[PDB]
Amino acid sequence: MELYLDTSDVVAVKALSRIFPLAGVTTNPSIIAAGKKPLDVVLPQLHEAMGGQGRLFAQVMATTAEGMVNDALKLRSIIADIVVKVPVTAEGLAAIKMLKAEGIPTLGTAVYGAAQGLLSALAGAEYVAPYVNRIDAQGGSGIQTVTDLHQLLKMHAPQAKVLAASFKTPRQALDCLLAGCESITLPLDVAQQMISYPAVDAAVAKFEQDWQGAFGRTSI
Amino acid sequence: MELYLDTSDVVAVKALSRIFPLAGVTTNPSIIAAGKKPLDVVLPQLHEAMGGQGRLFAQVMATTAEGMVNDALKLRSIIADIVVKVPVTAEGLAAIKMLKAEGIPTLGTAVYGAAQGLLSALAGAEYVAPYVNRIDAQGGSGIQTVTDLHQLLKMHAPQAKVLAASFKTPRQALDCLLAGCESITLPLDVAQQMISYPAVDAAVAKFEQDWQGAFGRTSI
Amino acid sequence: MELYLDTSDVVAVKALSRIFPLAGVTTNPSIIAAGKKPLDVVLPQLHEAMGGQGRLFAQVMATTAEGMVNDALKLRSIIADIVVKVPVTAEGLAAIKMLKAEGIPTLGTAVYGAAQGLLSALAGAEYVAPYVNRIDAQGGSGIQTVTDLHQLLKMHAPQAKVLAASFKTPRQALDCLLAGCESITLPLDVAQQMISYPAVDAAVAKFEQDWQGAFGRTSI
Amino acid sequence: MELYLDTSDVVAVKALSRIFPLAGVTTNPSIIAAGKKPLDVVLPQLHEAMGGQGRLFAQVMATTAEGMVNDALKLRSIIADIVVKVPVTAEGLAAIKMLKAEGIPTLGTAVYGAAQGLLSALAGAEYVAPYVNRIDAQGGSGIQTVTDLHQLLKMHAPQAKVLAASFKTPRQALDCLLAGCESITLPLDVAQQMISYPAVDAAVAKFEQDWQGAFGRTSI
Amino acid sequence: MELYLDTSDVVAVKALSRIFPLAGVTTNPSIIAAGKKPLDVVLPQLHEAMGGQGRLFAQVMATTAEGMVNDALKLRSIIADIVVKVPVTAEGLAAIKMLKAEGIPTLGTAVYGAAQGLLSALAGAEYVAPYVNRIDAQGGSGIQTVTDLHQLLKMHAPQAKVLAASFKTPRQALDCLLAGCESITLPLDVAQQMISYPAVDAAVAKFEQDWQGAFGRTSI
Amino acid sequence: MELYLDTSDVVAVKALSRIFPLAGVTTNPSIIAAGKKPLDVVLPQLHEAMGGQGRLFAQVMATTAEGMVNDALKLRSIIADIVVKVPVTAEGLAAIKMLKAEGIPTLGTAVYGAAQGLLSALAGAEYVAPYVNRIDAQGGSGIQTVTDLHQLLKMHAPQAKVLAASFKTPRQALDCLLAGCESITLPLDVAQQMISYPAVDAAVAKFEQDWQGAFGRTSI
Amino acid sequence: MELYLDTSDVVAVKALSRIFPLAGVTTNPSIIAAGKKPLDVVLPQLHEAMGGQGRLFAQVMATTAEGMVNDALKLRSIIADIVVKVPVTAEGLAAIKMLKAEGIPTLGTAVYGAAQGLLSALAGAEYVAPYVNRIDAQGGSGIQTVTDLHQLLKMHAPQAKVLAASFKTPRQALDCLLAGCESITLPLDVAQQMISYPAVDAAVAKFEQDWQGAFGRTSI
Amino acid sequence: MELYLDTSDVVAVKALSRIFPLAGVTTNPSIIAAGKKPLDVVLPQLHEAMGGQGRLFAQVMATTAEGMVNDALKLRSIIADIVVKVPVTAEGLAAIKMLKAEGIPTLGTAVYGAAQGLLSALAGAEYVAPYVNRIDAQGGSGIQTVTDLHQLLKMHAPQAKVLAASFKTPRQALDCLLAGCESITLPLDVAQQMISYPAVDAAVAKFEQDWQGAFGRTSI
Amino acid sequence: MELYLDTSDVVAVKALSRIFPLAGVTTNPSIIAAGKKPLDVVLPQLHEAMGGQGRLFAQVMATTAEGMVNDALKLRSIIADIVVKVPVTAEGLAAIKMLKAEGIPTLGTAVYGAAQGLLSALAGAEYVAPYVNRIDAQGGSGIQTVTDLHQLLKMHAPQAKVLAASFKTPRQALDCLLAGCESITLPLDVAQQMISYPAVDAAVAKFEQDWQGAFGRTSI
């Protein structure tokens, strides 16, 4: 299981990398834009925020297969081992096949359907990223799509991995993990909620109080 | 998983071969007729439309086993490695056995029942093609037939593959893939719908809008 | 159960009205456009083809609630008891509430989600029409949406009815009916497939054969 | 629950009417042909074999709606209260509507699909008869069709009844009854098997044996 | 079904009240605080934003039962028919019983468990509000809690209603409605997402395109 | 739903009666013994602790039906409307029938099996009390026993009620309530846990904090 | 998967051996009797009729274990590699154990229960043959018995195989195959129905029609 | 699967050993007591009735671990390879651990719960024997207990085997076998019922009858 | 399976170690604080009560990752091979990662959610301990959390083990074991209940009664 943070917040990544067992960081056009810093600036900073290790993901902007391949080359020139995110559209599929031939790892993104996702994997994508919350928000079932997609990859593209993305609540992430997703990327708020619980704090505080009351110390 | 297009539209095949990761093209008597071009003309053209690679399927027309075998020989003379489609009838089963003995790969077609499909595989067919939509249209359940057929081949004819065919909607294709079908052939309209989504286009548009608002351009 | 035909083909409606127990005819902008005849011409003809009885449905074209209400008035001036179809959008919802106040029956159309559909019923719509095949085509489950919608109306808007629409295969129609839909509208091809079966024709043939064999004739 | 015998065997009907609680007898073109006796002869004999009570069913032979209506009139002239069986085809549906208007009870027969069956009920048929075993024999599921049909009538045509027919084994009849069918017609062999059991005979024999051993006789 | 907006944004309520079929508005300490206007200012404005109709909900702040009852009286003095929200704590339960005796309608809020919720209903609360998203965020299942709570009220406190609250995505709201909740309150962002869909907008656009392609205009 | 406390702790009952919506208090030989106060002392005190209202339950000690009836008379002399608990044994069943004839309400207690419980209801018991935790502790499933018992009473003794007892955790109580139990009696620790939650306390504190920040006070 | 024909009709076996992929032929006392030819005549003819290759099954007639073993020897003297069918009775089990010691392959037949079937396998039988239709005819569930038996062999006698027999309809055969039966023997009528379908014949006809309409010829 | 007879009836064991594929015989204190013969007499006779082969089981009578180990030694002195049954009590568990160290095989008996059974296996027992019928008789579910125990051993004590015991009907034995029990011991009446069926006898008689009708004899 | 006792009661551990097949003992701050005895005294004593064998678990008290690592070192200095329990908080996760690098085995404790638990395993924890009863007490489902957690570890952290803790009843322990937990720690009362059953004691008594009635003694 590869755990990623979906952000362009360098400071947050450095801080959280010490807490979570991160595999890297994922980004998309909106996340980058929100950060205001250009790709040539943020990507290296993010890589550094992770001690120069881990995996990074960045998305192409072009609309034609040829343009997307050129975008991929540009991204790889910034981060040599970066994984290129390609929207799974007709041209996106064509680009994925071309990138597969060039040996550049890709992730099929903007996936709103299981069959669409499978096609990107069959075309060569190493990762397939369904937008869980967006599917949920638009009247579907993000979890069912993830479940169906995972089943499709398991029997039709065994080496491809589901990278679940787009979350508003920890429950969605939990369900994707229970569905078997090999990887997942979490926005900062959901990630924080996943490690902070009133019940846990109440238990721990109780342990700390009983111990201090019995041994007058805050350590073993 | 082997993805095929169910068509005799050479121009469309060339165009779509660049987008989809195609394993080849399947044809049947009605599709060929609709194209208006004879077999010795269209098959080579289709083969060329795929870059001289991929697998092709063509159907026999004879009603007797002997006649079907002769049809198979004629088809193989047009395309040396073509897979011969044989309707799964009493004479068809006899033809399939004969063709196995001759080493000519076959596909049991016109399958409307799971047991019927299994028999063609036991007779030697490498592929079994249930007519999903026709079963649905006639008051049955194309998906249940495919599910039952796949289970039968899995435990009784492991090397045989289900090649799901006859589709009116992407949902039928999705369900066949979720059922575990090793191969599938899609008509052009369903294939196009499978890669075109209003939600996906909206997401890409949003990404472009955010990118421009932060960088004054829509290019990477 | 209310059975409708989704068409603007007057001749076909007249012919099929003698076969199917029709409740009326439904139309939408595309169906009207494909017919080429204007509303003030086609609607009256459809009513006539229906023997002067039955229910008709026509859709508004305006984008604002005020405009939609005006469209509704125009439609009602053509067919006094026509049911006005309103796309379930923000403005559509506003229009539905206004039309409810005016006593003009409405149908919430262009429904791609169950909650969206329920909202139109809560706003006053007598019918809610999910686009089954479109939901299926776009990676969702038209049947699950219909099932969820029917459940929502059953417990939250008991007097509202689901009018299932958008079909490519009889199976989709069957599943909607099994889900409990109170009404359904079928395109001509699906309707025809629903009453034509090779197995049925064969049974009729065998009966005649046995009859002729015992009585030397195929008639009573 | 209306229990019928599917036969034209007058002697058998007379004998079995004393054993089973029969509602009447059903016939079809093949069953009549097998008996060799013409309609004007067997129908009255069957009515008599039923003690002059019960209900009878006979099938039309014509292919056009007009012809079927004429056949219905002829059948009613033989047996005044007979229920007319009409194959559920396009013309059959038209005939059913006409017969409803004329007040002649009908049964939609030769039903191989649930939707097809529902249509006959919506057209006016009092009974809908799916051919259970034929559906089973042709690769489908007669029981699922019956289950689906019963569900459709229950929610969309409450006063219509399913009259399950076509049986090769008691299990099929049991499953139709468990599905809720309001009526059923059994061929003579299945009916006999339904009341003859080795286990039952063994129990009865054991009771006689114990009684004999205690009271020196097998009589009460 | 009672549809509420969870907000203190008067302008938004006025605007959305013409779109959604609202039953009223719900508020809580954090929502009021975020709006900055005092209770005796915002409550009357919200009532106004809804044409002087609809139901309002406001929460007590006191920690003792006696104090909560006094808070309830104060709230009722601002809005005569307001429903008083009481956190379901030991003292909250006591307050609910006292308010039931005084005839002041209450809602048991801050519900994180089904049994806790049931207790508030047994104490007299007309509504029980589980915090769906918070339960989800804290490692539980908001939907299961809602499902369990609804069942408990259905069989043990039939007149009490579940008022589902705390949402981050439309899917949570849909699931609560499918669970049978009699009422629900939505934050503004989720409510807006529930009526805005790329697929719906695309369908409307297509309708307009076909209409103009046939009639030369997009109106009428 | 009747909510009871399973205790002989008068002070606790007085305190909790203002918090929980209690129907009364249940006792058994061990609970009374634990309290040390004799029956004719504690029962009146418990009745007073509840403000002179509510229902009380006390158990017989005799081993013969005649002795149990005498015990019942003695209990009724202490509390006129008390419900007499009778262990469901052979003699207990006999006593229950006798007490029904005498018009003294009974509860069949010490129930470890569903059939055993049903028998007590058929004999006349108004309540049947399965020992949920003891069944769980001894390798069975207290919840399944309660579920089975409730189903048995529902269809075979409609007026009898299940009074679920013996709890170590709130989850057991929740499951009994979800199973449909008409009544339940909780030991003090489980009852307290059912109304105290770290998550709830965390939420309430947050509301106070936000309120303070906006209005400079913690009061409404 | 071993497919057998349950018959003594030599001519039919010869004809069908060319169509179906047969593993051999099974016979029983009634089947042999129906053919009127003695064992020493039919068995040899069947061996050559099936293709000189394949497996044959014949049943013992003796009632004692010793007699059954002698019958087995006689059968083996007619067909050296024949599999001996032994009714699973007390003496039958004893015979199966003896034949196991002698190295003569056996099949436990006349199986009406799963446990009974398992016992024959534990005793040494290579095949276990439940009488599916007879179980169905006598008020049980042939399919459930087969399902249970297959499970028992799978976990308790892995090398034993279920040889499903006794069929009246293709559906029973399909269900046995779906249950995982390693072998099955079909009566001639069911076998023929399994390869003859009105829908399949119709598909072949339409293909021919479209073909000749476009190419002015019937041939490929 | 090890099949045992639960009895001390030497003559019966000798007779049935020729019919069933027995693994041996199990005994318990009550079974032995009923036989009236002491252990030093019956055990050797049972071993002899088994042809001097197979496995035997006998139970300790001591109540302390030390006493049980001494009892084990006494039993082993009678039958060198006997498996010692130890009731799964606290002292029994201690005894099982000691017997494991002493290399004497044990069976944890008197198991009324799954966790209890698991503990005996973890302590060293080779077999675990739940009392199926007693569990059923006492208001529980013997089959569920067996199912749970088998699951526990399968995942937590792989080398331990369930030896299901205590039966009143064949169905219980069948269900234990379907649950996966590796061994089972049957009382003589249940064993006999498992191999004697009216339906089977009828089938055999019919075969003999048909044979006679065709060959004038009932022998081969 | 690893069976542990959750206690600091040295005398009890010594006594129970002779009965249960223990893997060791687990402790937490509350267990230790209650004992008032320091860890450098209690741990060695528990280790000794275990015969100088088995695994021990002790919890850190520090609130920062650095402090927790120091606590771990101190614990390891008391018991060289002790497993260090770390509360799964943000700092706890950081500590687990650090301890993983130092080669000190850890257990992620105070787990109230499945995702939280998985994170501790992904960080390096060998064991993950959900507080089953506390989750149950706080309105959740301890068993569902354990089930979800086990599934997450099985597919995402295969070498990590669930160590179920916090029990009030044997049923909770049984369900955790049925869920597949690799380890479990029981408080003394639940452990004792798991090996003491009235039904078992009664069975032993009956055996003794029968034995004496037949042999004049209850021994041998």
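Residues numbered from 1 in each chain as written, not as in the entry; some residues may be left out. Chains lettered and ligands numbered in written order. Part of a larger assembly, values for the part shown. Heavy atoms only, no water.

- The record lists X-ray crystallography as the method behind this PDB entry and 1.93 Å as its resolution.

**Digging into the sheet that holds strand 5 (residues 106–111) of chain H**
Residues and elements named next belong to chain H.
And then number 1: Within the closed barrel, the 8 strands sit side by side as 1-2-3-4-5-6-7-8. Their pairing is parallel. The mean angle between the axes of side-by-side strands here comes to 25°, regardless of whether they run parallel or antiparallel.
And then number 2: Sitting on the sheet, helix 6 (residues 114–123) is in contact with strand 5 and strand 6 (127–130), with an inclination near 165° to strand 5. (Pairing = 2+ DSSP bridges. Helix = DSSP H or I, 4+ residues; strand = E, 2+ residues; numbered from the N terminus. Axes fitted to C-alpha atoms, helices over the stretch in contact; angles between N-to-C directions. Contact = heavy atoms within 4.5 Å.)

**What to know about the relation of the copies chain A and chain I**
And then number 1: In screw terms, the move from chain A to chain I is a rotation of 72° and a rise of 0.5 Å along the axis, fitting with an RMSD of 0.6 Å. Such a combination of turn and shift is consistent with a five-fold rotation axis. (Least-squares fit on C-alpha atoms.)

**Side note on helix 6 (residues 114–123) of chain B**
And then number 1: Within helix 6 of chain B, 9 of the 10 residues are buried, which leaves the element mostly enclosed by the surrounding structure.
And then number 2: In the segment just after helix 6 of chain B, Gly 124 of chain B is the residue with positive phi, at about 130°. (Buried < 20%, exposed > 50% of the residue type's maximum accessible area, 1.4 Å probe, protein only.)

**A short note on the layout of surface pockets**
And then number 1: Of the voids in this model, the largest pocket is the one considered here, and its volume is about 960 Å³.
And then number 2: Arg 171 of chain B together with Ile 135, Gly 140, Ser 141 and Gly 142 of chain C are the residues nearest the centre of the largest pocket, which is lined by 44 residues in total.
And then number 3: Elements that contribute at least two residues to the lining of the largest pocket include exactly helix 7 (132–137) and helix 8 (142–156) of chain A, helix 9 (170–178) and helix 11 (198–215) of chain B, helix 7 (132–137), helix 8 (142–156) and helix 9 (170–178) of chain C together with helix 9 (170–178) of chain E.
And then number 4: For the lining of the largest pocket, the per-class residue count stands at 16 nonpolar, 18 polar and 10 charged. (1 Å grid on protein atoms, 1.4 Å probe; cavity = no way out; pocket = protein on both sides within 12 Å on 5 of 7 lines; lining within 4 Å. Points joined across faces, edges and corners; volume = space filled by probe spheres on them. Nonpolar A, V, L, I, M, F, W, Y, C, P; charged D, E, K, R; others polar.)

**Some thoughts on the side chain of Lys 85 of chain H**
Residues and elements named next belong to chain H.
And then number 1: Relative to the elements of secondary structure, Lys 85 occurs in strand 4 (residues 83–87).
And then number 2: Buried within the structure, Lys 85 lacks any salt-bridge partner; its nearest side chain of opposite charge belongs to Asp 6, at an N-O separation of 4.9 Å.
And then number 3: Apart from residues no more than four positions distant in its own chain, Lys 85 is found in contact with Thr 26, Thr 27, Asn 28, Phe 57, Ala 58, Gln 59, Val 60, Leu 107 and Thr 109. (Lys, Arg positive; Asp, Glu negative; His and termini not counted. Salt bridge = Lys/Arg side-chain N within 4 Å of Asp/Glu carboxyl O.)

**Quick look at unusual backbone geometry**
And then number 1: Of note, the phi angle at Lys 36 of chain E is positive, near 70°, even though the residue is not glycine.
And then number 2: Looking at the secondary structure, you find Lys 36 of chain E in the loop between helix 2 (29–35) and helix 3 (39–49).
And then number 3: The class of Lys 36 of chain E is exposed, set by a relative accessible area of 66%.
And then number 4: You will see that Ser 166 of chain G, though not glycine, has its phi angle at about 75°, which is positive.
And then number 5: Tracing the backbone shows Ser 166 of chain G in the loop between strand 7 (161–164) and helix 9 (170–178).
And then number 6: Residue classification places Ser 166 of chain G among the buried residues on the basis of a relative accessible area of 18%.

**Topic: the interface of chain G and chain H**
And then number 1: On the chain H side, the residues contacting the 42 residues of chain G number 29 residues.
And then number 2: Across the chain G/chain H interface, buried area totals approximately 3,000 Å², and carbon plus sulfur atoms make up 73% of it.
And then number 3: Looking at the side of chain G facing chain H, the largest losses of area belong to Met 61, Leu 119 and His 156 of chain G, adding up to 20% of the total buried there.
And then number 4: Across the contact surface, chain G and chain H share 1 salt bridge.
And then number 5: A salt bridge links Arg 18 of chain H to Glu 91 of chain G, with the shortest nitrogen-to-oxygen separation between them at 2.5 Å.
And then number 6: Our enumeration of links across chain G and chain H arrives at 5 residue pairs in polar contact.
And then number 7: Counting residues per element, the ones that place at least two in the side of chain G that touches chain H are helix 2 (29–35), helix 4 (65–78), helix 5 (90–102), helix 6 (114–123) and helix 8 (142–156) of chain G.
And then number 8: Broken down by element, the residue count for the side of chain G that touches chain H peaks at 7 residues, all from helix 6 of chain G.
And then number 9: Taken together, the residues that form the side of chain G that touches chain H break down as 26 nonpolar, 9 polar and 7 charged. (Buried area = accessible area lost by both parts, 1.4 Å probe. Polar contact = N/O pair within 3.5 Å; in protein donor to acceptor, adjacent residues only side chain to side chain.)

**Let's talk about the pattern of salt bridges**
And then number 1: Scanning all chains against the criterion turns up 53 salt bridges over all chains.
And then number 2: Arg 55 of chain F is the salt-bridge partner of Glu 126 of chain F, the closest N and O atoms lying 3.0 Å from each other. Taken as a pair, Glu 126 of chain F in the loop between helix 6 (114–123) and strand 6 (127–130) and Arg 55 of chain F in strand 3 (residues 55–59) lie far apart in primary sequence, 71 residues in all.
And then number 3: Look at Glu 126 of chain F and you get partly exposed, because its relative accessible area is 25%.
And then number 4: Accessibility expressed as a relative area gives 27% for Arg 55 of chain F, which makes it partly exposed.
And then number 5: Among the salt bridges present, the one from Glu 2 of chain H reaches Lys 161 of chain H, with a minimum N-O distance of 3.0 Å. Residue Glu 2 of chain H is found in strand 1 (residues 2–6), and its partner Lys 161 of chain H is found in strand 7 (residues 161–164); the two are separated by 159 residues along the sequence. Each member of the pair, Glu 2 of chain H as well as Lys 161 of chain H, is classed as buried.
And then number 6: What emerges from the salt-bridge pattern is a single network uniting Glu 2, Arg 55, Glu 126 and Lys 161 of chain A.

**Observations regarding the interface of chain A and chain I**
By a frequent convention, interface size equals the accessible area lost on bringing the separate parts together.
And then number 1: Residue-level contacts link 28 residues of chain A with 44 residues of chain I.
And then number 2: Roughly 3,100 Å² of surface becomes buried between chain A and chain I when both sides are summed, with 72% attributable to carbon and sulfur atoms.
And then number 3: Sorting the residues of chain A by area buried against chain I places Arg 18, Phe 207 and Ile 220 of chain A first, and these three jointly supply 23% of that buried surface.
And then number 4: At the boundary of chain A and chain I, one finds 1 salt bridge.

**A look at the sheet that holds strand 2 (residues 24–26) of chain G**
All names here are of chain G.
And then number 1: Overall, parallel pairing links the 8 strands, which are arranged 1-2-3-4-5-6-7-8 in a closed barrel. Between one strand and the next, the sheet's axes are offset by a mean angle of 25°, whatever the strand orientation.
And then number 2: Strands strand 4 (83–87) and strand 5 (106–111) of the sheet are contacted by helix 5, whose axis makes an angle of about 155° with strand 4.

**A closer look at the arrangement of the chains**
And then number 1: Spatially, chain D is disjoint from chain E: no contact exists, and the shortest C-alpha separation is 21 Å.
And then number 2: Spatially, chain F is disjoint from chain G: no contact exists, and the shortest C-alpha separation is 26 Å.

**Description of the packing of aromatic side chains**
And then number 1: Under the defined criterion, the tally for this structure stands at 44 aromatic pairs over all chains.
And then number 2: Seen in terms of ring centroids, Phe 57 of chain H and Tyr 127 of chain H are 5.2 Å apart; in terms of plane orientation they differ by 80°. Their pairing is edge-to-face. Separated by 70 residues along the polypeptide, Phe 57 of chain H in strand 3 (residues 55–59) and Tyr 127 of chain H in strand 6 bring together distant segments of the chain.
And then number 3: Looking at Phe 57 of chain H, the relative accessible area reads 0%, which means it is buried.
And then number 4: Between the aromatic rings of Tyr 112 of chain I and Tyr 131 of chain I, the centroid separation amounts to 5.6 Å while the plane-to-plane angle is 65°, which identifies the pairing as edge-to-face. Of the two residues, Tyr 112 of chain I is situated in the loop between strand 5 (106–111) and helix 6 (114–123) and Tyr 131 of chain I in the loop between strand 6 (127–130) and helix 7 (132–137); the sequence distance between them amounts to 19 residues.
And then number 5: Given a relative accessible area of 7%, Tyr 112 of chain I falls into the buried group.
And then number 6: Among the residues examined, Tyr 131 of chain I registers a relative accessible area of 6% and is labelled buried.
And then number 7: What links up through ring pairs into an aromatic cluster is the set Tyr 4, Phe 57 and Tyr 127 of chain A. (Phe/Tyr/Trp six-rings, centres within 6.5 Å; stacked < 30°, edge-to-face > 60°.)

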